There are 2 protein chains.
Amino acid sequence: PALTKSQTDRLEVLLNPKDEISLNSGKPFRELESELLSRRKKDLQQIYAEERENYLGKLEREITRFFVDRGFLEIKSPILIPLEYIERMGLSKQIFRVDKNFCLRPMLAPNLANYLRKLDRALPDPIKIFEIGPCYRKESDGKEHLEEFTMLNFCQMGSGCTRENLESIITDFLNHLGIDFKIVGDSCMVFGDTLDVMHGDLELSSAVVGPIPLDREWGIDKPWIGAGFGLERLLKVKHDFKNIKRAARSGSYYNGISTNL
Amino acid sequence: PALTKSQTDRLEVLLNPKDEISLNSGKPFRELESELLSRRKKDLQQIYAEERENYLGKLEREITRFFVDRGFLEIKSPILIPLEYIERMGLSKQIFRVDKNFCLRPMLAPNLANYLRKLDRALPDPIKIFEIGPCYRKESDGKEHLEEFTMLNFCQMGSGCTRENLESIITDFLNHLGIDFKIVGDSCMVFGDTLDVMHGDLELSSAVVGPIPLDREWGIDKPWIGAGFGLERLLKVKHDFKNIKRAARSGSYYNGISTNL
Ligand SMILES: Nc1ncnc2c1ncn2[C@@H]1O[C@H](COP(=O)(O)OP(=O)(O)OP(=O)(O)O)[C@@H](O)[C@H]1O
Ligand SMILES: Nc1ncnc2c1ncn2[C@@H]1O[C@H](COP(=O)(O)OP(=O)(O)OP(=O)(O)O)[C@@H](O)[C@H]1O
Ligand SMILES: C#Cc1cccc(COC(=O)NCCCC[C@H](N)C(=O)O)c1
Ligand SMILES: C#Cc1cccc(COC(=O)NCCCC[C@H](N)C(=O)O)c1
Ligand SMILES: [K+]
Ligand SMILES: [K+]
Ligand SMILES: [K+]
Ligand SMILES: [K+]
Ligand SMILES: [Mg+2]
Ligand SMILES: [Mg+2]
Ligand SMILES: [Mg+2]
Ligand SMILES: [Mg+2]
Ligand SMILES: [Mg+2]
Ligand SMILES: [Mg+2]
């Protein structure tokens, strides 16, 4: 007997990377579904009994410890921001607008630029800060983009803002998480030349060595470096998820396990 | 010499609860401002050198540990939700709308209700879950309301869902944070009868003992208890802030210290 598309989709929802189950092995849908429901119930029961931590929250906490311990100040800035923060940043069709003059932030950079400028009046060189939190863009497009995702951005301004120090921070960070990567040359319209941090064909991060001409519009007038990483992409690599939706804030998956059981 | 309103406001921005400084003591504005700028720079320098943790993030982590250790599953659910989640919940003019069919969640309850229903199919009784994260309402109105604030909601469904267990969890929680409180009877249009958790005239939490008639609309069909707390109000009490804006996500204050230095 052959599986319908609806049946295959249901089994794919219930399958996890650790399974070694063939959906097209001739076993009827009913037995594959019952087997996978039992395994996923067991998996959630184990999480509930023994760990109880959300993957996104736990990764945020692990990242926070890494950067606080290396001298970076932890920032929590608004998610709902002025629409004016563009074209002050220079996408475009991807912005979720809110009322008339606001939007959901698509990136952390504008608030962090404001903090770098302000903190440089008070703190010793170099200024090192980071933020982790939700960002929003109109794009889902399958297995690597979410509309609601979680960004880490760290940055430094003053001394030590060289390409080699930027690459060394990225290397120490991804070594800490156990993720292999390479660095490639890329570009974008906001920052210009970028380094891209790649895991295979998956972009984990865009990183920048300043100064860039945009600095003047933000009152930034010292060398700087910084990088942005999406946490759901990190989780996708760490847990070998086929689709990034497994990693997202959602009511449909808990730690990559279907909640429809 | 007398201070203008603009001068008093500037000094109030720079004053912190720990100061014992009189703004109307006859000293000129210039010397009060210079003294307070020096103290606040020192304060930020100390944070940068020795702790580097954001107050909201650190409190989120402390709360997360408290509830995970007591058997509650940590949830991270979407912040951008369907507008349909009302009037399915039953405010009203306070919702930030996004595009046509979405809004910024004003509360955590609908996503947590969905998780309780789903998890009860997989997990043993009782089901215990919680979430911490941003919520949004159109109201600032001074010293106790923010438009972007951070909610803790914990809840339990099944056995043990009594008023006395709810009060005991609240008591253990606020004792852990070192915050005195009392419980009063209140009501609201969404849940009906509520307990209010009060610190003086400041509402820290609204809590509910189910079942309530709204349960049927969410597929909830067991006893339940739950409570919501605003983290910025907890921080306001803990740090004796005069205005809740000191506690909020912001680019204008870092851990209650003005960033305009
Ligand atoms: N829609 C999205 N969903 C999930 N993660 C994202 C999304 N957009 C960006 N990220 C993450 O944020 C990082 C920095 O993002 P940037 O601001 O450079 O976006 P990006 O270059 O458009 O990413 P991509 O080229 O894959 O669309 C990316 O490398 C990725 O890890
Ligand atoms: N605008 C806000 N700013 C900051 N915290 C809030 C806000 N609204 C609610 N909270 C917090 O969330 C808790 C639960 O909120 P609920 O959903 O009961 O709101 P609420 O009863 O309108 O609060 P209040 O009566 O003070 O307006 C409150 O007890 C408070 O701690
Ligand atoms: C404008 C501006 C600005 C000026 C100076 C300093 C900062 C600090 O902020 C940063 O760290 N920027 C780097 C983020 C890189 C990823 C980014 N989302 C991208 O689209 O490629 C910002
Ligand atoms: C509908 C529904 C629903 C049904 C069953 C269970 C839950 C679980 O969610 C909860 O814990 N609710 C309690 C929150 C109390 C504070 C609240 N913001 C207020 O406006 O007073 C929700
Ligand atoms: K598999
Ligand atoms: K999401
Ligand atoms: K004071
Ligand atoms: K805010
Ligand atoms: Mg993109
Ligand atoms: Mg790209
Ligand atoms: Mg990029
Ligand atoms: Mg209210
Ligand atoms: Mg109230
Ligand atoms: Mg209330």
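Because the Cβ atoms are built from the backbone with ideal geometry, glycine has one as well, and the counts that use them run over all protein chains shown. Each answer follows from the model by the rule given with it, or from the source it names; these are not laboratory values.
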(message) For the condition crowded, with 18+ Cβ neighbours inside 10 Å and either touching a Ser or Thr at 6+ places or on another chain (Cβ under 9 Å) or not assigned by CATH to the domain that holds A:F130 (or both), what is the one hit in A:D19, A:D9, A:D43?
(response) A:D43
(request) State whether the residues of the stretch B:129-148 include one that is hydroxyl-bearing (S, T, Y), more than 16 Å from ligand 6 (Cβ to nearest atom) and within 12 Å of B:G230 (Cβ to Cβ). (result) no
(message) Given the criterion more than 16 Å from ligand 12 (Cβ to nearest atom), closer than 22 Å to B:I244 by Cα and under 24 Å from the mean Cα position of the chain (by Cα), identify the matching residue among B:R39, B:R52.
(response) B:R52
(message) For the stretch A:177-200, give me each residue that is in a strand (DSSP E or B) and within 17 Å of the chain's Cα centre (by Cα).
(response) A:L195, A:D196, A:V197, A:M198, A:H199
(message) Please determine whether any residue of the stretch B:101-123 is surrounded by fewer than 19 Cβ atoms within 10 Å (Cβ to Cβ), more than 11 Å from every other protein chain (Cβ to nearest Cβ) and in contact with a helix residue (DSSP H, G or I) (Cβ under 8 Å, 6 or more places away or on another chain).
(response) yes
(message) I want to confirm something. Restricting to the stretch B:1-26 and keeping residues that are in a helix (DSSP H, G or I) and of a type outside the set (A, V, I, L, M), which single residue is farthest from ligand 4 (Cβ to nearest atom)?
(response) B:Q7
(request) Determine whether the stretch A:124-145 contains at least one residue that is among the basic types (K, R), in a strand (DSSP E or B) and within 14 Å of chain B (Cβ to nearest Cβ). (result) yes
(request) Would you check which residues across the stretch B:71-100 are small (G, A, S) and more than 10 Å from chain A (Cβ to nearest Cβ) and list them? (result) B:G90, B:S92
(message) Which residue is surrounded by the fewest Cβ atoms within 10 Å (Cβ to Cβ), if the candidates are limited to the stretch B:147-193 and must be of a type in the set (S, T, N, Q) and under 29 Å from A:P134 (Cβ atoms)?
(response) B:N153
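Hey, can you tell me all the residues within the stretch B:62-86 that are in a helix (DSSP H, G or I) and surrounded by fewer than 16 Cβ atoms within 10 Å (Cβ to Cβ)? It would help to see each step written out before you state the result.
Kept after step one, since they are in a helix (DSSP H, G or I), are these residues of the stretch B:62-86: B:62-69, B:83-85.
Residues satisfying the conditions are B:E62, B:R65, B:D69, B:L83, B:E84.
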(message) Can you say whether B:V208 is assigned by CATH to the domain that holds B:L195 and assigned to a strand (DSSP E or B), as far as the supplied structure shows?
(response) yes
(message) Criterion first (within 14 Å of chain A (Cβ to nearest Cβ), within 16 Å of ligand 2 (Cβ to nearest atom) and either in contact with a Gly (Cβ under 7 Å, 6 or more places away or on another chain) or not hydroxyl-bearing (S, T, Y) (or both)) does B:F173 satisfy it?
(response) no
(message) Please pick out the residue among A:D196, A:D221 that is among the charged types (D, E, K, R) and within 16 Å of ligand 9 (Cβ to nearest atom).
(response) A:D196
